[PDB]
Structures are given as C-alpha cells and as structure tokens.
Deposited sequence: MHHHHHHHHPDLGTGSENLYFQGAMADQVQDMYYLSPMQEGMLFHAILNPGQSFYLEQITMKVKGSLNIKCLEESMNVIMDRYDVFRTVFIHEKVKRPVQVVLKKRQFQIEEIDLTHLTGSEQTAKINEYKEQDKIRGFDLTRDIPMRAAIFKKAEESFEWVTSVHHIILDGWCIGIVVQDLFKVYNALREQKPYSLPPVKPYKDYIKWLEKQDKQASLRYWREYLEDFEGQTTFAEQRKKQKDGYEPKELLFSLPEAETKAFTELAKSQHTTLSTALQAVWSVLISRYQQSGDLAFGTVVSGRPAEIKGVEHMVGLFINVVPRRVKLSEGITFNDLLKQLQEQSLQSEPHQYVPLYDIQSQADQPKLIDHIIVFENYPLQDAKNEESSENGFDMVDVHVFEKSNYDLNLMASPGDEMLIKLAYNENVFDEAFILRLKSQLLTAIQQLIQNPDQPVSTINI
C-alpha cells in the first residue's frame, strides 16, 4: 500500500548500484552542493517547498532492491517526508563554525546513502548568525544526474517564492522517469553494442600527455586552473559554431582534438565526452528528472589537410549517430574494444552550471564530485566562456596545465580566424 510502482533499472543505474554496494564509504556517485546564504531564509518554508518537489518527481521517492531478487528493481513509494537537518552554530566562533561544517561534509561523503532505504538526497542548514547560513545538499546520481539539479532547484524556488509572496502557483506537467525505462525496453541492446564496437574498431589506445605524467606521489591531489575566453573571441567562437550548425560543446571538442593530435603525433585519438542521453523520440524528455547523462568515448580521425570546419562536421555527424546508443555504460562500451582504459580524460561542457525574489542571496555556491580522471576540461557558456582544467597534481605539474591554457587560448583564436585552413597550420 506504500508502493506506487516498481520497474527495472537502466543499464547505467544498474552499474551504479553494483559499484555503490561494493564500495561503501568512498563517495561514489555523490554530489555535495554548498550554498552560503545571506538573508532572511525561512527553513520551514524551504522544507515545505522541498516536500512539494518530493511529490512531483518520482525519483526522489525511489529506493532500490538487490537482495533476494532475480534482477535489481527500483521501487517508487507513494509518499516520503523530507526533513532538513537544522544545526545552530551561533554560539561558536567563526573558526569553530568552519570546522564544524567541514566535519559534517567529510562525514557526509563517507556516509553516502543506503540506497535500499534512504531518500537519496539530504540537506543540512547551519545557522551561523541571525541572517547567515550554510546549506549543504547531498544527492546520489542513481536518482538524479548533475545536469538535472537546476530543473529541481527552479521548481523549488518557484514554490518557495509563491509561499513567501502568498499567492497561488502551478507547475507544468512532467513525464515520469518510468517513460525513459520504457523507451530502453524498445532498444536493441546488441545493436547498440555493435555501434560502439564498429566506432572503436582498430583503435590502438592512448596514454594522453604521456611525457608529462608524473609517477611519484600516491593518490589524487585535486587542483584546478580557471580562466575565461575573452568576450570578443567568445562571440566569434559562438558565431562560428552556429554558422556550421553545431554547438559550442562540439567546437570546444574540435579544438581539443587538434591539441591532442599534436601531443600524440597521431591523427586517430580519443577522449571522453559527457552527453545528454535524452532521446528526442521521447515526448517532453527535455523536462524529465532522473539519470540521463553519460561519459562516452569520442574518437576523432584527422586526415591530411583536414580543416576546423571539416572537424566540426565530423563531430556533429557522429553526435547524431550516437544519440540512440548513449545509454550504454562505459564499462560495456570499452569491453567492446577490449580496452579497459580506452579514455583517460574527459571534456565536460555544462550549459547551465549550478555555480553560475527569495529574500536571501546565495554566495559561493560550490559543487563537490569525486574525480575519476587525472585531467578534466570543463567549460560553461557566458559573455566570456568559462574554462576550467581540473587535474590530479600528483600526475600533472601546474606549469603544464598553465601551458595547456596558453595553447588552448591561441588555438581557439587561430581556428576562429582560419576555420577553412588545414588544422596542421595552427601554432601551439
């Protein structure tokens, strides 16, 4: 009587559940969002607003069963009451407060979620002063990928603002995540594996930036280099992508391909790309909340004389052909190449980052996610395109990451100016 529905997991959900169970305490698939709040936040109203969201999106009411079943299932419960943990730190010094919040975050990363019982999202709000809070939200990506949180946040603050202004509100209908599970039933899984097998046919593997990789200190030492593409170049880069009927994300991947081709002295190269995973065939798939995005390999072939606009065309065409097959987990993709480390770095172009009316201001919005690659090129749109190189400094020197920034900037400039010359003529 408490169960609304039950259905199988997507292949990607199944993979996450498998590794989540096998690796407790390691922060797998956990996203931690920290918002510093200055103003008259009403936590009771925020909690009421979040419970409307719980009712709206089935994934928040979902738990998972793996024991004593032939195959894992996800169970949608009819009603789950969400509670924000309120913690009063107003009796502590600023130093004591920061230590308490860091303590919470580190224990929360280790705690993770019991996916057979917990709501796979939690929130704690720390009161530091009268109108001063820190809001830490944790979520598991088996119910909600990182590009979905903006959808939920928009709904959350529409409801909050309506209750604050004491006026009626509505939210538009949304299709249930089960509709995506139903679409997966109609897909030929062996045909999708064959797509990836043929795409990666005869690829010889690649250690990216092999001559720059250190092998000394143990573990991951996370560092980042942030920089912006100047406005004039950003405008021209955007106009170029549009004029070739492609996206900024594809254009950035094309620039990176040129850079990698030089370091690898090769015209056959690969890197990971985060793809949307939302099949256009599915009605209103744009507005669904759940797990969709995936890291898939991009394999780029640079022939003699190939131009930037040629590359844009190559990549844009492959994006379209890959769309029906983006649900295949990378483990299964890379098994079709007999190459467990086919890719070793990724490009992530996030159109609406969380980092980038309510009675309060949000400041220093920060997102934590476990890093799985020693190098990550991350970009987001803006008047100046935002670019971040997030890397493992135990593997790559800061000076090398600074060189990559320099080369990326001059490559973008040169490719904008001569998109119809061979990319081999660019100087890096």
Which parts of the deposited chain sequence are absent from the coordinates, listed in sequence order? 1-26, 383-389
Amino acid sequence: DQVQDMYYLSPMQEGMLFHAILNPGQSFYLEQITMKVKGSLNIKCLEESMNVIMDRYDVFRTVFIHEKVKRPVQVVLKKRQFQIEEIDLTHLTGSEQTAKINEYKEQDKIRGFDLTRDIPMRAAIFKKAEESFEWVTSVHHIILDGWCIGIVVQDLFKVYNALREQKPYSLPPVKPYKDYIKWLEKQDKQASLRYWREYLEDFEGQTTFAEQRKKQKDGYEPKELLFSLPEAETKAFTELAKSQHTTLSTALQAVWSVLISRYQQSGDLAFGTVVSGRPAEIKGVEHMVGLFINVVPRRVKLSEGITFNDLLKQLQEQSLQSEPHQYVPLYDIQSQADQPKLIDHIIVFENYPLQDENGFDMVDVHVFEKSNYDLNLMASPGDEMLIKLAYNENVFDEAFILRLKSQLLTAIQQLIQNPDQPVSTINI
From here on, numbers count along this sequence of modelled residues.
Mean B factor on CA atoms, stretches 42-50 and 368-376, record says higher is 42-50
Return whichever of 283-291 and 137-145 has the greater mean Cα B factor according to the PDB record. 283-291
The largest CA temperature factor among 319, 74, 102, 244 is found at 102
Out of 341, 298, 278, 178, which shows the largest CA B-factor listed in the entry? 341
Hey, what third does residue 91 fall into on Cα B-factor, ranked over its chain? highest
What third of its chain's C-alpha B-factors does residue 396 belong to: lowest, middle or highest? lowest
Among the modelled residues of its chain, does the C-alpha B-factor of residue 356 lie in the lowest, middle or highest third? highest
Position of residue 346 among the chain's modelled residues by C-alpha B-factor, lowest, middle or highest third: lowest
With respect to C-alpha B-factor, does residue 174 fall in the lowest, middle or highest third of the chain as deposited? highest
